[PDB]
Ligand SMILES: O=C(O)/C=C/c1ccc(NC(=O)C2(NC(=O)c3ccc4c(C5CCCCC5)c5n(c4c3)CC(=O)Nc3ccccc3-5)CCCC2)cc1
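Single chain ahead, by itself, as structure tokens, in the form deposited without this ligand.
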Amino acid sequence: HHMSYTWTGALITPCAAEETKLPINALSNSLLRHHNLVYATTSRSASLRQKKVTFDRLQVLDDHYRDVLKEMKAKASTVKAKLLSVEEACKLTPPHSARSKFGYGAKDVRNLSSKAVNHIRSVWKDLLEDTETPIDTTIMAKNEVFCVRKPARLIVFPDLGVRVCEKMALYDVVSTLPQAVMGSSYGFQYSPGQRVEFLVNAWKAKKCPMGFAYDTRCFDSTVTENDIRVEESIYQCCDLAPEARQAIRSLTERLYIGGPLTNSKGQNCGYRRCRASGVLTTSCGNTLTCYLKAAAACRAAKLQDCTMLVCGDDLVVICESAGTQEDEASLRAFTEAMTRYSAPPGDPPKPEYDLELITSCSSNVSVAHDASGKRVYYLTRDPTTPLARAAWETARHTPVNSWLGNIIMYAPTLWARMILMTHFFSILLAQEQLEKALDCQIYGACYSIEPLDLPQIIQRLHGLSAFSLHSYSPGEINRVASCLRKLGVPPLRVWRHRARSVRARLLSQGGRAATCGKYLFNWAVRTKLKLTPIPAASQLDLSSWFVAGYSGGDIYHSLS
């Protein structure tokens, strides 16, 4: 047997009181009236998840797997990465990162306090000197908001001191290596606008395109000890500082391959023998491992002219069709291979012949036209979870604000423009907090963003057309309308009226507030201002953006 986890029987315990019901609040109710549909997960459902994530892994590797691995290693040897200093790693720590068991918190780390730095230095030295002793981890039930119920997701993470050391050893590796190894297939390197262009190009370049998303069942749990050792072998192909090599070796043996699980009450909950969901390498490791397995499976299945796009455990393949029945057979062969590699599917993949019908990372491509009449493709999603979360975050102050990330990531969409932007700029205006920087998440990492910079951020990530899409697709119109009815969200007509008021108030303030009124809410007015490129937009330093943070979220960047 080769189980993802073993358990003692000790419970996964909360760190505080956990709310399950959406609070009834006047502001939140102006967004969403059917509050009974909205719930937050809690530790009370943790045992159901434990059952789901615990299973035997079977893995058999073949020539296709080893051939791709050899190629990946050759490419990794063209990478150089540096150690981060204590201070650099400290400043990548989000302010609400979990505090250390050893007498300090995230703010102490961020302020370079002597206690924090001294402990981090001691942990680093211990990684260099000890390559064997398993490192402790905490296991927690996540508290996440959904519309109706899902059991809580689990997160597994080491102490804050270790997390800072991970950054020192590996931040520059995870930031640099995947592009070199996977090329254009590395999904996190693209902005949303670049991602759509890549997909449309890839689709439209085929004579007869076929595409599918591949859903691996509980990916972290399918990741074997050998997978994690293979990942390390790829990291070690880089040109690294001697201390980096040692710390990576130590982290792999002591933390990444497995270790003990401790609850918030300090009790031994069990042992992990699979991917930790809350370590620095979770996203990069999953991406490399998913790519390796999938690339090998493509060859096993004899798929023709494959284009792969990989974001962690999320995979899309676009290829040349051989005919419907032939494609069905190839997908079965693909699934068989992934299964042999210990990446069995949740829902078996289905061949799709319409690009807009593929869903990956909860998203699909759709089409509109911009102010110039040009056809524009963009990424959208069902707005249910975004709106449910926005309602919760309106009722309750939350440390990380999903609504801001959703505005940024889904800026071109009908629902982000008409509902999210209107709702939150109305509240920020009323509360006089337009200037206040807020923490949000983009690609699972944490960003401090000033709402007043949104026009420039949107232009950089999506292009100028984000501010003028019209003629949304009937499917998209209907999905949005169905969502609003289900959740009890006011009609778009109401949002238009609210936005006109928000826009006028913003324009009156001048400065960036006025830019927000002009660009974000031009859709709301009959007499539309001519929107030209915002010159200051190119000033934003996005060099260090898009490093993936799933599922720990423990990377921080402030927009500069």
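All residue numbers refer to positions in the sequence shown, first residue = 1.
Heads up, the form deposited with this ligand bound isn't pictured, but that's what we're talking about next.
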{"item": "Clash check, this ligand transplanted in the bound PDB entry by site C-alpha superposition, 2.4 Å backbone/C-beta", "value": "blocked"}
{"item": "Segment that reaches this ligand in the bound PDB entry - one of 58-66, 489-497, 531-539, 503-511, heavy atoms within 4.5 Å", "value": "489-497"}
{"item": "4.5 Å heavy atom contact, residue 424 and this ligand in the bound PDB entry", "value": "yes"}
{"item": "Residue contact check: residue 391 to this ligand in the bound PDB entry, 4.5 Å heavy atom", "value": "yes"}
{"item": "Contact test in the bound PDB entry: residue 419 vs this ligand, heavy atoms, 4.5 Å", "value": "yes"}
{"item": "This ligand contact in the bound PDB entry: residue 387, any heavy atom under 4.5 Å", "value": "yes"}
{"item": "Shift in CA distance, residue 550 and residue 179, in the bound PDB entry relative to the form shown here, given it is 3 Å or more", "value": "closer"}
{"item": "Cα-Cα shift for residue 549 and residue 201, closer or farther in the bound PDB entry, minimum 3 Å", "value": "closer"}
